[PDB]
Amino acid sequence: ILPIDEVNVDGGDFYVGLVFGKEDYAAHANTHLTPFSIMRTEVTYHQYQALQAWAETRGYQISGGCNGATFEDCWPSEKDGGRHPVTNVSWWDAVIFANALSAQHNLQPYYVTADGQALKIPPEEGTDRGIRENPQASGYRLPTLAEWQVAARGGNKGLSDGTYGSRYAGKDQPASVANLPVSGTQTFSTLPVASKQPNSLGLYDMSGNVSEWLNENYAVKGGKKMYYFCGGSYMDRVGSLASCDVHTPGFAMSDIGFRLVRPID
Ligand SMILES: [K+]
């Protein structure tokens, strides 16, 4: 069993959007969340490799994965004990990983094929569209945009301590909290997770290190799906924690990883 470091995030009414700074966010809340648990860090390569090995014989195909990144390449798998965020994982890899972790912890899978069972293998081209999400499942999944944003902003704790309006997670200035390119940077690489300061929920690297896949769909014409990823990375300078972009679910890159959530009942 893979042991998971997660934090409970209390629910309630919250502001999600592009406004930052000292404002009365309580007066402008626009999304409702139920409580959920979130991983304190990005999933590490060491975690990813370990569940890969466990799930291979149980029918799950969790593919790719590198130990962080140095420029656009992977670090050697043993560097810093494999504690860099895993990179070069697709959205499919992430949600299959999520199902395998659910199984491991004897929880119900959130992502299922059209026949209602656990997604274990990425769908063949076309059959993509029959994949379902089970909102009653107790298992791990990718965060929604609202969940991820609220968590990045510190939730109720950030509201209480006045950091909810921080442009980056935990603090309005990025160097102390986020591995993101900065003026004159001479190095472009991931760091072991939780090398910088946390936000008010005790989460690490919501800003920077790797960008993070979300559950959130971005609707497009044609045969392909697209999903958000947020937060910036060691090579992707962003202006705030509200900056996201999108990719198809089969895509992977040296600066995109993930972290998971699960509902609390
Ligand atoms: K991150």
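One-based numbering along the sequence shown.
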Novice: Report the C-alpha distance between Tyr111 and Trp91 in whole Å, list the side-chain angles of each, state the deciding distance to 0.1 Å, and finish with yes or no for ring pair (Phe, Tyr, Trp, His ring centres under 6.0 Å).
Specialist: CA-CA 12 Å; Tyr111 301 98; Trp91 189 93; 5.7 Å; yes
Novice: Nearest 0.5 Å, what's the CG-CG distance between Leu142 and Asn215?
Specialist: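 Answer for the CG-CG pair, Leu142 versus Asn215, is 6.0 Å.
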Novice: Determine which pairs satisfy disulfide bond (SG atoms under 2.5 Å apart) with at least one residue from residues 134-229, sequence neighbours left out, and list them in order.
Specialist: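 The answer is none; no pair qualifies.
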Novice: Which of parallel (below 30°), tilted (30 to 60°) and perpendicular (above 60°) describes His105 and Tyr140?
Specialist: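 Rings of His105 and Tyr140: perpendicular, over 60°.
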Novice: So, the side chain of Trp75 versus the backbone of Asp80: is there a donor-acceptor pair under 3.5 Å, distance only?
Specialist: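 Absent.
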Novice: Rounded to the nearest 0.5 Å, how far apart are CZ of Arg153 and CG of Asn199?
Specialist: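 Spacing of CZ (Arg153) from CG (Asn199) equals 11.5 Å.
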Novice: Is the OH atom of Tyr218 crowded by more than 12 outside heavy atoms at less than 6.0 Å?
Specialist: no
Novice: Any sub-3.5 Å donor-acceptor pair from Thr87's side-chain atoms to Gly68's backbone N or O?
Specialist: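 Yes, because the side chain of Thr87 sits within donor-acceptor range (under 3.5 Å) of the backbone of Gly68.
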Novice: Would you say the side-chain atoms of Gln52 pair up with the backbone N or O of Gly64, donor to acceptor, closer than 3.5 Å?
Specialist: yes
Novice: List the residues meeting ring-ring contact (aromatic ring centres under 6.0 Å, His included) with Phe14, not counting sequence neighbours, and say none if there are none.
Specialist: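 Listed in chain order: nothing, the list is empty.
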Novice: Could you tell me whether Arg262 sits above the aromatic face of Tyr110, with NZ or CZ closer than 6.0 angstrom to the six-membered ring centre and within 45 degrees of the axis?
Specialist: no
Novice: Is the backbone N or O of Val210 less than 3.5 Å from a side-chain atom of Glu42, with the two atoms forming a donor-acceptor pair by type?
Specialist: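 Checking the backbone N and O of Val210 against the side chain of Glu42, a donor-acceptor pair under 3.5 Å is found.
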Novice: Which pair of non-hydrogen atoms, one from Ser233 and one from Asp236, has the smallest distance, and what is that distance?
Specialist: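 Closest heavy-atom pair between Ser233 and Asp236: OG-N, 2.9 Å.
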Novice: Test of understanding: with salt bridge (charged side-chain N to carboxylate O under 4.0 Å, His left out), list the residues that count as partners of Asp5, not counting sequence neighbours.
Specialist: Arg40
Novice: Please round to the nearest 0.5 Å and tell me the distance separating atom OG1 of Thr113 and atom CG of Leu119.
Specialist: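 Output value for this atom pair is 7.0 Å.
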Novice: Indicate yes or no for a side-chain donor-acceptor contact from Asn209 to the backbone of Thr190 under 3.5 Å, with no hydrogens or angles considered.
Specialist: no
Novice: If I compare all heavy atoms of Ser63 with all of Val89, which pair ends up nearest, and what's the gap?
Specialist: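 Here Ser63 and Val89 meet closest at O-CG1, 4.5 Å.
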Novice: Check the hydrophobic clustering (I, L, V, M, F, W, Y; side-chain heavy atoms under 4.5 Å; chains of links allowed) and say if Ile96 and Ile256 are grouped together.
Specialist: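 Both belong to a single hydrophobic cluster.
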Novice: Let me confirm one number: the CE-CG distance from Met206 to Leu241, rounded to the nearest 0.5 Å.
Specialist: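 If I round to the nearest 0.5 Å, the distance is 8.0 Å.
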Novice: Name all residues meeting the side-chain contact (heavy atoms from CB on, under 4.5 Å) criterion together with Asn88; count only those two or more places apart in sequence or in a different chain, and write none if there are none.
Specialist: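 Residues passing side-chain contact (heavy atoms from CB on, under 4.5 Å) with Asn88: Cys66, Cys74, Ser254.
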Novice: I'd like to know if the side chain of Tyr164 reaches the main chain of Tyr15, judged simply by a donor and an acceptor atom lying under 3.5 Å from each other, with no hydrogens or angles considered.
Specialist: yes
Novice: Would you check, one step at a time, whether the test side-chain contact (heavy atoms from CB on, under 4.5 Å) holds for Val19 with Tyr25?
Specialist: CA-CA 9 Å; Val19 171; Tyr25 294 103; 4.2 Å; yes
Novice: Could you give all pairs that pass the salt bridge (charged side-chain N to carboxylate O under 4.0 Å, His left out) test and reach residues 193-220, with sequence neighbours left out?
Specialist: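 Every pair satisfying salt bridge (charged side-chain N to carboxylate O under 4.0 Å, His left out) with a residue in residues 193-220: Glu212-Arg259.
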Novice: May I ask whether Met235 and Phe251 are part of the same hydrophobic cluster, defined by side-chain heavy atoms of I, L, V, M, F, W, Y residues being less than 4.5 angstrom apart, directly or through others?
Specialist: yes
Novice: Give a yes or no on whether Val95 and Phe229 share a hydrophobic cluster (residues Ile, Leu, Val, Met, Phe, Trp, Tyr; joining criterion: side-chain heavy atoms under 4.5 Å apart).
Specialist: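 Yes.
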Novice: Quick one: closest heavy-atom pair of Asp24 and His28, and the distance?
Specialist: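 Heavy atoms only, the tightest pair is O-CD2, 3.0 Å.
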Novice: The criterion is ring-ring contact (aromatic ring centres under 6.0 Å, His included); which residues satisfy it with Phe258, sequence neighbours excluded?
Specialist: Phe97
Novice: Quick one: OG on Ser102 to CD on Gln104, what's the gap to the nearest 0.5 Å?
Specialist: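 Answer for the OG-CD pair, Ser102 versus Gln104, is 10.0 Å.
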Novice: In Å and rounded to the nearest 0.5 Å, what is the CG to OG distance from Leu107 to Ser138?
Specialist: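 Nearest 0.5 Å value for the CG-OG distance: 4.5 Å.
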Novice: If you compare all heavy atoms of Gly155 against all heavy atoms of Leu201, which two are closest, and at what distance to 0.1 Å?
Specialist: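 That closest heavy-atom pairing would be N-CD1, 3.7 Å.
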Novice: Is it the case that the side chains of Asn217 and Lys225 hold a donor-acceptor pair, with the cut-off being a distance below 3.5 Å and no angle test?
Specialist: yes
Novice: Backbone N or O of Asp93 within a donor-acceptor pair of the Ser90 side chain at under 3.5 Å?
Specialist: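 Yes; at least one donor-acceptor contact below 3.5 Å.
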Novice: Passes side-chain contact (heavy atoms from CB on, under 4.5 Å), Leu2 versus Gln47? Steps please.
Specialist: CA-CA 7 Å; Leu2 240 209; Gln47 289 181 297; 3.9 Å; yes
Novice: Starting from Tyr204, can I reach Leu191 by hopping between I/L/V/M/F/W/Y residues whose side chains sit under 4.5 Å apart?
Specialist: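 Different hydrophobic clusters.
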Novice: Tell me whether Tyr48 contacts the main-chain N or O of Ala94 through its side chain, where contact means a donor paired with an acceptor under 3.5 Å.
Specialist: no
